[PDB]
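Asker:
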Amino acid sequence: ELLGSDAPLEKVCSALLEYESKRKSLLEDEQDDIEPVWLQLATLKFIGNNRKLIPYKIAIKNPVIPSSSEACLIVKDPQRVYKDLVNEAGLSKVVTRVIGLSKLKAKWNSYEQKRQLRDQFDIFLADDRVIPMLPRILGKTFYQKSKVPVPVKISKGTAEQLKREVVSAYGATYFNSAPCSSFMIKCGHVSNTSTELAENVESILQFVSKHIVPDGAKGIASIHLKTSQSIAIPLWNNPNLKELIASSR
Amino acid sequence: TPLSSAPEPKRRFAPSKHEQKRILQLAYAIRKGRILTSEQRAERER
Amino acid sequence: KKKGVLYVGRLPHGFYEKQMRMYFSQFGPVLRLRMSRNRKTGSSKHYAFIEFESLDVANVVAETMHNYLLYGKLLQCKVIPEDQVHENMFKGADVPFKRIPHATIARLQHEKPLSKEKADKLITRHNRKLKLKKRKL
Amino acid sequence: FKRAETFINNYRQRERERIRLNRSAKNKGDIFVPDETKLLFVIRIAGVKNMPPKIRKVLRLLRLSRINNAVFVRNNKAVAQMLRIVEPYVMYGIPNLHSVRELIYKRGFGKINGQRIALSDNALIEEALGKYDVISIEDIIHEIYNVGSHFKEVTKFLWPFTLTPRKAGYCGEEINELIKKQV
Amino acid sequence: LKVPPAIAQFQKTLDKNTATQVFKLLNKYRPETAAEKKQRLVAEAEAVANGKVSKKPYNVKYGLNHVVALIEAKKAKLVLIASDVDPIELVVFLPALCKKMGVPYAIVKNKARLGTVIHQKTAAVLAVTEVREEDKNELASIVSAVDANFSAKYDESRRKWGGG
RNA sequence: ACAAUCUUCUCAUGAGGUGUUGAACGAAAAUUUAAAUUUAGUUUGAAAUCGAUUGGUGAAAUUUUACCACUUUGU
Numbered sequence: 005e006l007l008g009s010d011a012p013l014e015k016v017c018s019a020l021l022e023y024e025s026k027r028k029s042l043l044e045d046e047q048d049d050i051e052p053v054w055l056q057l058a059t060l061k062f063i064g065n066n067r068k069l070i071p072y073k074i075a076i077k078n079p080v081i082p083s084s085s086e087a088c089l090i091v092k093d094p095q096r097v098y099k100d101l102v103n104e105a106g107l108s109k110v111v112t113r114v115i116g117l118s119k120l121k122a123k124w125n126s127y128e129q130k131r132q133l134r135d136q137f138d139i140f141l142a143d144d145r146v147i148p149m150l151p152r153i154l155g156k157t158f159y160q161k162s163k164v165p166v167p168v169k170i171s172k173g174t175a176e177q178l179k180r181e182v183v184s185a186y187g188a189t190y191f192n193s194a195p196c197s198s199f200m201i202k203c204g205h206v207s208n209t210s211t212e213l214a215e216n217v218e219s220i221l222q223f224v225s226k227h228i229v230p231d232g233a234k235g236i237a238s239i240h241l242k243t244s245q246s247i248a249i250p251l252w253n254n255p256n257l258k259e260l261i262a263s264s265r
Numbered sequence: 213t214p215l216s217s218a219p220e221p222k223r224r225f226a227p228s229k230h231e232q233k234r235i236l237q238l239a240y241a242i243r244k245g246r247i248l249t250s251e252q253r254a255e256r257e258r
Numbered sequence: 102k103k104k105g106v107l108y109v110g111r112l113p114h115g116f117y118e119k120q121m122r123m124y125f126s127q128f129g130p131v132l133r134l135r136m137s138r139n140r141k142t143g144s145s146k147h148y149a150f151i152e153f154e155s156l157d158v159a160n161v162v163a164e165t166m167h168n169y170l171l172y173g174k175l176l177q178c179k180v181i182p183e184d185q186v187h188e189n190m191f192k193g194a195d196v197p198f199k200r201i202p203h204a205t206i207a208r209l210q211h212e213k214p215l216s217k218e219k220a221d222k223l224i225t226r227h228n229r230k231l232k233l234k235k236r237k238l
Numbered sequence: 051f052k053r054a055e056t057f058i059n060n061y062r063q064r065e066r067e068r069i070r071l072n073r074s075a076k077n078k079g080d081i082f083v084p085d086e087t088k089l090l091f092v093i094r095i096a097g098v099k100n101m102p103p104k105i106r107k108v109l110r111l112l113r114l115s116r117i118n119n120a121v122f123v124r125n126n127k128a129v130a131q132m133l134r135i136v137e138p139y140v141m142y143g144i145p146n147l148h149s150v151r152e153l154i155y156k157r158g159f160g161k162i163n164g165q166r167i168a169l170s171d172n173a174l175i176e177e178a179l180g181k182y183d184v185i186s187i188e189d190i191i192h193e194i195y196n197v198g199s200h201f202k203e204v205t206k207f208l209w210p211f212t213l214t215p232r233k234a235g236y237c238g239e240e241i242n243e244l245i246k247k248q249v
Numbered sequence: 069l070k071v072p073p074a075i076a077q078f079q080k081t082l083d084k085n086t087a088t089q090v091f092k093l094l095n096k097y098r099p100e101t102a103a104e105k106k107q108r109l110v111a112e113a114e115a116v117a118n119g120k125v126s127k128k129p130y131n132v133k134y135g136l137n138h139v140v141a142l143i144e145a146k147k148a149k150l151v152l153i154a155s156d157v158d159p160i161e162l163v164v165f166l167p168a169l170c171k172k173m174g175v176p177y178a179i180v181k182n183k184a185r186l187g188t189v190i191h192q193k194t195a196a197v198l199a200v201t202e203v204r205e206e207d208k209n210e211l212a213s214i215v216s217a218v219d220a221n222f223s224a225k226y227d228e229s230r231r232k233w234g235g236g
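Protein chains in written order, with the deposited numbering: chain K, 5 to 29, 42 to 265; chain m, 213 to 258; chain o, 102 to 238; chain t, 51 to 215, 232 to 249; chain G, 69 to 120, 125 to 236.
#1: With a threshold of 8 Å between beta carbons, is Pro-130 of chain o in contact with chain t?
#2: Anyone know if the C-beta pair for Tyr-61 of chain t and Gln-120 of chain o falls short of 8 Å?
#3: So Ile-191 of chain t packs on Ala-178 of chain t, CB below 8 Å; how close in whole Å?
#4: Assuming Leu-89 of chain t is part of the beta strand (DSSP E), what are its boundary residues?
#5: Label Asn-85 of chain G either buried or exposed according to how many other C-beta atoms from any shown protein chain fall within 10 Å of its C-beta, with 16 as the threshold for buried.
#6: At least one CB of chain o closer than 8 Å to the CB of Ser-244 of chain K: is that the case?
#7: Given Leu-211 of chain G, which residues of its chain have a CB within under 8 Å of its CB, disregarding the five upstream and five downstream residues?
#8: Does the stretch 139–148 of chain K touch the stretch 173–180 of chain K, meaning 3 or more C-beta pairs lie closer than 8 Å?
#9: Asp-227 of chain G: buried (16+ other C-beta within 10 angstroms of its C-beta) or exposed?
#10: For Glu-46 of chain K and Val-97 of chain K, I'd like the C-alpha separation in whole angstroms.
#11: According to the Cβ coordinates, are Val-140 of chain t and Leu-114 of chain t closer than 8 Å?
#12: What does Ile-224 of chain o touch in chain K if you count any residue whose Cβ is under 7 Å from its own?
#13: Beta-carbon of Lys-217 of chain o versus every beta-carbon of chain K: anything under 8 Å?
#14: Closer than 7 Å, Cβ to any Cβ of chain m: which residues of the stretch 132–152 of chain G, in chain order?
#15: Going along chain G in order, which residues have a C-beta closer than 7 Å to the C-beta of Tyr-169 of chain o?
#16: Can you pull the chain K neighbours of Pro-182 of chain o, defined as C-beta to C-beta under 7 Å?
#17: Counting C-beta neighbours from all protein chains within 10 Å, is the total for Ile-261 of chain K 16 or more, i.e. buried, or is it exposed?
#18: Tell me the residue span of the alpha helix (DSSP H) that contains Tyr-127 of chain K.
#19: Just the Cα atoms here: how many angstroms apart are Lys-233 of chain t and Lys-146 of chain o?
#20: For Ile-228 of chain K versus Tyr-127 of chain K, is the C-beta distance shorter than 8 Å?
#21: For chain G, is any of its Cβ atoms less than 8 Å away from the one on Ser-217 of chain m?
#22: Determine, for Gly-173 of chain o, whether the minimum Cβ-Cβ distance to residues of chain G falls below 8 Å.
#23: Please state whether DSSP places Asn-192 of chain K in a helix, a strand or coil.
#24: Closer than 6 Å by C-beta to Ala-130 of chain t: which residues in its own chain qualify, once you throw out the five before and the five after it? Chain order, please.
#25: Is there a Cβ of chain G sitting closer than 8 Å to that of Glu-231 of chain m, yes or no?
#26: Grouping DSSP H, G and I as helix and E and B as strand, with all else coil, what is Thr-112 of chain K?
#27: Kindly provide the ranges of any beta strand (DSSP E) runs that are 3 or more residues long and lie completely inside the stretch 150–213 of chain K, ordered along the chain.
#28: Please say whether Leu-90 of chain t and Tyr-142 of chain t have beta carbons closer to each other than 8 Å?
#29: Looking only at its own chain, which residues have a Cβ that is under 8 Å from the Cβ of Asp-48 of chain K, when we skip the five neighbours before and after it?
#30: So, helix, strand or coil for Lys-193 of chain G, using DSSP?
#31: Please report whether the beta-carbon of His-211 of chain o lies at a distance below 8 Å from any beta-carbon of chain K.
#32: Can you grab the Cα-Cα spacing for the pair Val-180 of chain o / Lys-213 of chain o, in whole Å?
#33: Bridge partners for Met-141 of chain t per DSSP, in chain order?
#34: Alpha carbons only, please: which of K:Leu-251, K:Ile-247, K:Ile-249, K:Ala-233 is nearest the one belonging to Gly-8 of chain K?
#35: On the three-state DSSP scale, how would you describe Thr-225 of chain o?
#36: Given a cut-off of 8 Å on the beta-carbon distance, is the pair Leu-112 of chain o and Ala-163 of chain o in contact?
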């Protein structure tokens, strides 16, 4: 309704569940990893002035990061105070390691050391005040292997805020803005059913049209639904994209 | 492998007892006024 | 007499064409110098080839600058034999990589004005391509 | 001779300076612009080889072509922006009336006929600044302290001070203390 | 004259560049002076005299009996032998003991330079046993340099009678 | 002279924070405009032996820019 005064949802997302299921065709270590759902968006005009190395906190109701995924928290000095707060909040099983910024800069200097730290956790969360430093220190070994630290605001440093922020951080999808006209957003996996997947799509679309696309949903060229190896089924096409680009330019 | 199979003494995993001997000796003479404390060392200098 | 060529590897970030020229000229003059850079962005490949007018000057430099502890990197200097030197492998000598900013040039053409005829050409067979995708599905 | 590690260190400083100028110019075009002082003293701390072309041009405009050169400038938006660009290589502070008089009496030298000549006599000052209503060293010092209309002309006539032997950036009233250590 | 290989090896010392980089790491781990040790202990004395738990210290290991015991225990990561010990037989076995125990070792110049690190007039041998996590890469790079600039170099030269 | 200023947060409630080693392997999609940017992912020693792309733009006094990048080379 917001995008084009129409809602061609539900039917396409539900059909995609059967489309990937039909395309199904001893090991010791097993995991519940599922193929992600890639929501492709095309915009009429470029949406990024420059490479922004922070994710978008797209709040969602169906988390794309399972609660079994380990988390690593990066805080400002000293690390002992925030280590005590994490333990007192009951996040020991979630926030496994808390690394102070000075310790992260010093004790992890080699590329192999940075890669070992990167592979030791599934998601990285960072204090909002220390996020601008992580472009350095962490380097290309983090920002290209799908490991972008999350800007979690823990400024006041209290247990309830930590629990709310982590739950909010886990229950959200992220997308790193890049200068282009096309991008993909993680909407979920096959584990999430059709109705939950549809809810994730519309919530992301509202967030995208609000704080990502400068002119809103009117500037959306086309949108498609895709998986790792599935066909990019066209979710929706702008009925007036061709004339809008001609008139704008 | 290391040449010596002798067990590791506990002294290498605990705070030094030689320094603790001196700390108690220094703390004693601080009470007796034999050694000037750091705060009163500065006052005497100026 | 014979123009010796030296290969320098594991260059620390910052030991670039200007820095190598003023340094290696102390041992002996250098007239051409080239360091490999990536096609896409021109970032240094941390390895380079430096020639010398005389093979003897190249040989002595390789002796004193092999396994040099520079910035935590063991600089490697080996003299390349002539049979493995190629004629076209020293083009763009000391050439400031004209790093074309493809991101902005894409934006400029993206933001470049497009007329109705240009938009019609831009549309082309997009509907047909969408129909072809629908037919495939 | 020069070691290889020296050239990389110079390069790293050059790349370090390039980013810093990129910070100050783009998206951070705001200067502190200290108030309560119409005149400030700026001394070039140090410079390195192969310095950025923009920094050298700012130094040439500010007459800081040599290290340990002290020049008095008027507080302005353009001056503050130039000071921010050359902040790493220049230290700024608020001079005092006593410090300014002492500097003029000790190391006060003007530019007469294109040559740096000490203002040991008031006859030269009167002849050089006849149209500026300046005839003695005290009059020039008072005009500089008050930052008058002829202060810019007096500053151009006066050669830069050589306060040879410090922190980087704004120093405030502590810069006047360094003047006592130089004169 | 003609010298045996075990004494000839001490004329081939570490190069100036690698030695200068070695002492940059060593100077981070100097033992605290007699004055600094007294200041630290008296500071803890006042906290005891009035009224009131640390980490393990970090420093470079020195002493001939101490270092040889650390090599035999395989506790030493890097052993730096002085090149001019007045009785040479004091350290004439150290390169062989370091080879047997797999300890990266180097022969550096000016035993006085070694002593300056430890606030002593003279040291026959220095040994780095275990450093802070910040300097793991710096020590690792030095050990690789010592392998190439000292062990890979010479080696065939250290088995030949020198002099003559 | 292996030393130097990469943000350990601001503004205003939202908007910002411009910064990443190289090489190799490897998807399948989208718009731009095959070439181009996005783009599932991965492997690694601050690893390396031709493959430099080679356009735009300025700024000193055409050679000079080691990112000058279109917002595009000395105040």
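From the three backbone atoms N, C-alpha and C, an ideal C-beta is built for every residue, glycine too.
Answerer: On the basis of the data shown:
#1: Walking along the third sequence from the start, residue 130 of chain o turns up at place 29. Contacts with chain t at 8 Å (Cβ-Cβ) do not include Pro-130 of chain o.
#2: Residue 61 of chain t sits at position 11 when you count from the first residue of the fourth sequence. Residue 120 of chain o sits at position 19 when you count from the first residue of the third sequence. Going by C-beta atoms, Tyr-61 of chain t is nearer than 8 Å to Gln-120 of chain o.
#3: Reading the fourth sequence from its first residue, position 141 is the one you call residue 191 of chain t. Reading the fourth sequence from its first residue, position 128 is the one you call residue 178 of chain t. About 15 Å separates the CB atoms of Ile-191 of chain t and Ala-178 of chain t; that is not less than 8 Å, and the two are not in contact.
#4: For the purposes of this step, residue 89 of chain t is taken as the residue at position 39 of the fourth sequence. In the DSSP assignment, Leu-89 of chain t falls within the beta strand (DSSP E) that extends over 89–94.
#5: Here residue 85 of chain G is taken as the residue at index 17 of the fifth sequence, counted from 1. Looking at its Cβ environment, which holds 16 or more other Cβ atoms inside 10 Å, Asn-85 of chain G is buried.
#6: As a first step, residue 244 of chain K is located in the first sequence; it is residue number 228 there, counting from the start. Not closer than 8 Å to any Cβ of chain o, the Cβ of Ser-244 of chain K fails to qualify, so no.
#7: Position 139 of the fifth sequence, counting from 1, holds the residue named residue 211 of chain G. Short of 8 Å from the beta carbon of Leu-211 of chain G, and not among the five residues preceding or following it, lie these beta carbons of its own chain, in chain order: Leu-93, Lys-149, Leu-150, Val-200, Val-203.
#8: No, the stretch 173–180 of chain K does not touch the stretch 139–148 of chain K.
#9: As a first step, residue 227 of chain G is located in the fifth sequence; it is residue number 155 there, counting from the start. A residue is called buried once 16 or more other Cβ atoms fall within 10 Å of its Cβ, and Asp-227 of chain G, having fewer, is exposed.
#10: As a first step, residue 46 of chain K must be located in the first sequence, where it is residue number 30. As a first step, residue 97 of chain K must be located in the first sequence, where it is residue number 81. One C-alpha to the other measures close to 36 Å.
#11: Translated into the one-based positions of the fourth sequence, residue 140 of chain t becomes position 90. Translated into the one-based positions of the fourth sequence, residue 114 of chain t becomes position 64. Cβ distance < 8 Å, so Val-140 of chain t and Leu-114 of chain t count as in contact.
#12: Here residue 224 of chain o refers to the residue found at position 123 of the third sequence. The contacting residues are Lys-258.
#13: Taking the first residue of the third sequence as 1, we reach residue 217 of chain o at position 116. Output row for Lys-217 of chain o: interface = yes.
#14: Considering only beta carbons, the part of the stretch 132–152 of chain G lying closer than 7 Å to chain m consists of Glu-144, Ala-145, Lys-146, in chain order.
#15: Within the third sequence, the letter at position 68 stands for residue 169 of chain o. Ordered by position in chain G, the residues that pass the 7 Å Cβ test against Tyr-169 of chain o are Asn-85.
#16: Stepping through the third sequence from its first residue, residue 182 of chain o is reached at position 81. Near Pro-182 of chain o there are no residues of chain K at all, since even the closest Cβ is about 32 Å away, more than 7 Å.
#17: For the purposes of this step, residue 261 of chain K is identified with residue 245 of the first sequence, where counting begins at 1. By the neighbour-count rule (16 or more Cβ atoms within 10 Å), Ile-261 of chain K is buried.
#18: As a first step, residue 127 of chain K is located in the first sequence; it is residue number 111 there, counting from the start. DSSP places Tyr-127 of chain K inside the alpha helix (DSSP H), whose first and last residues are 127–135.
#19: Taking the first residue of the fourth sequence as position 1, residue 233 of chain t is located at position 167. Taking the first residue of the third sequence as position 1, residue 146 of chain o is located at position 45. The straight-line gap from Cα to Cα measures roughly 38 Å.
#20: On the first sequence, position 212 is the one that residue 228 of chain K refers to. On the first sequence, position 111 is the one that residue 127 of chain K refers to. Cβ distance not < 8 Å, so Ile-228 of chain K and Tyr-127 of chain K don't count as in contact.
#21: Start at 1 with the first residue of the second sequence, and residue 217 of chain m comes out as number 5. Not closer than 8 Å to any Cβ of chain G, the Cβ of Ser-217 of chain m fails to qualify, so no.
#22: The residue labelled residue 173 of chain o in the question sits at position 72 within the third sequence. Judged by the 8 Å Cβ criterion, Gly-173 of chain o is in contact with chain G.
#23: For the purposes of this step, residue 192 of chain K is identified with residue 176 of the first sequence, where counting begins at 1. Three-state result, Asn-192 of chain K: strand.
#24: Taking the fourth sequence and counting its residues from 1, one reaches residue 130 of chain t at position 80. Result list for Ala-130 of chain t: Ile-81, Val-83, in chain order.
#25: Sequence index remark: in the second sequence, residue 231 of chain m carries index 19 (1-based). By this cut-off, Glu-231 of chain m is an interface position.
#26: Start at 1 with the first residue of the first sequence, and residue 112 of chain K comes out as number 96. It is a strand residue.
#27: For the stretch 150–213 of chain K, the continuous beta strand (DSSP E) assignments of 3+ residues that do not extend past its boundaries occur at 166–168, 198–205, in sequence order.
#28: Numbered from 1 along the fourth sequence, position 92 holds the residue referred to as residue 142 of chain t. Numbered from 1 along the fourth sequence, position 40 holds the residue referred to as residue 90 of chain t. Cβ distance < 8 Å, so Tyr-142 of chain t and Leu-90 of chain t count as in contact.
#29: Within the first sequence, numbered from 1, the residue matching residue 48 of chain K stands at position 32. Counting only Cβ-Cβ distances below 8 Å, and skipping sequence neighbours, we find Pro-82, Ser-84, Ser-207.
#30: As a first step, residue 193 of chain G is located in the fifth sequence; it is residue number 121 there, counting from the start. Coil, per DSSP.
#31: The sequence position of residue 211 of chain o within the third sequence is 110, counting from 1. Put simply, the CB of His-211 of chain o is near chain K, with a gap under 8 Å to one of its CB atoms.
#32: The residue you call residue 180 of chain o lines up with position 79 of the third sequence. The residue you call residue 213 of chain o lines up with position 112 of the third sequence. Distance from the CA of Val-180 of chain o to the CA of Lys-213 of chain o, rounded to the nearest whole angstrom, comes to 51 Å.
#33: Walking along the fourth sequence from the start, residue 141 of chain t turns up at place 91. Partner(s): t:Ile-93, t:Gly-235.
#34: Along the first sequence, read from residue 1 onward, the residue named residue 8 of chain K stands at position 4. Taking only the C-alpha atoms, the option nearest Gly-8 of chain K is K:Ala-233.
#35: As a position in the third sequence, residue 225 of chain o is number 124, starting the count at 1. DSSP places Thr-225 of chain o in coil when its eight states are reduced to three.
#36: Taking the third sequence and counting its residues from 1, one reaches residue 112 of chain o at position 11. Taking the third sequence and counting its residues from 1, one reaches residue 163 of chain o at position 62. Result no, Cβ atoms of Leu-112 of chain o and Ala-163 of chain o do not sit closer than 8 Å.
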